[PDB]
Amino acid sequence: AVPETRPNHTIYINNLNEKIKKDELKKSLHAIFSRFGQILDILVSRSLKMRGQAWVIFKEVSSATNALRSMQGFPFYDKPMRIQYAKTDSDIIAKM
């Protein structure tokens, strides 16, 4: 009923400022989130259905959990980050 509550390698961030372009958004997300552990990748698209959102894929679940708990609601480009766990494993995680 609430699979977005289940710890995952990947955190799902939405309510992101949609004026930020892909390169700056990924650089900023990497600078903020890398103190929680090794990031495998950050997935951002600016298409209609994907804007305002990012998937931050951590090597370790423990890093994802500490990232979500620490950065929940953080004011980022004038908007509080909204963070859940990804509903399903990112392909790069499932592949391992």
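From 1 onward, residues are counted along the sequence shown.
In this PDB entry, the Cα temperature factor of residue 19 sits in the top third of its chain's modelled residues, the highest group. Among the modelled residues of the chain, residue 48 sits in the highest third by CA temperature factor in this PDB entry. In this PDB entry, the Cα temperature factor of residue 40 sits in the middle third of its chain's modelled residues. Ranked within its chain, residue 64 lands in the lowest third, by CA B factor from the PDB record. When the modelled residues of the chain are ordered by C-alpha B-factor, residue 87 sits in the highest third.
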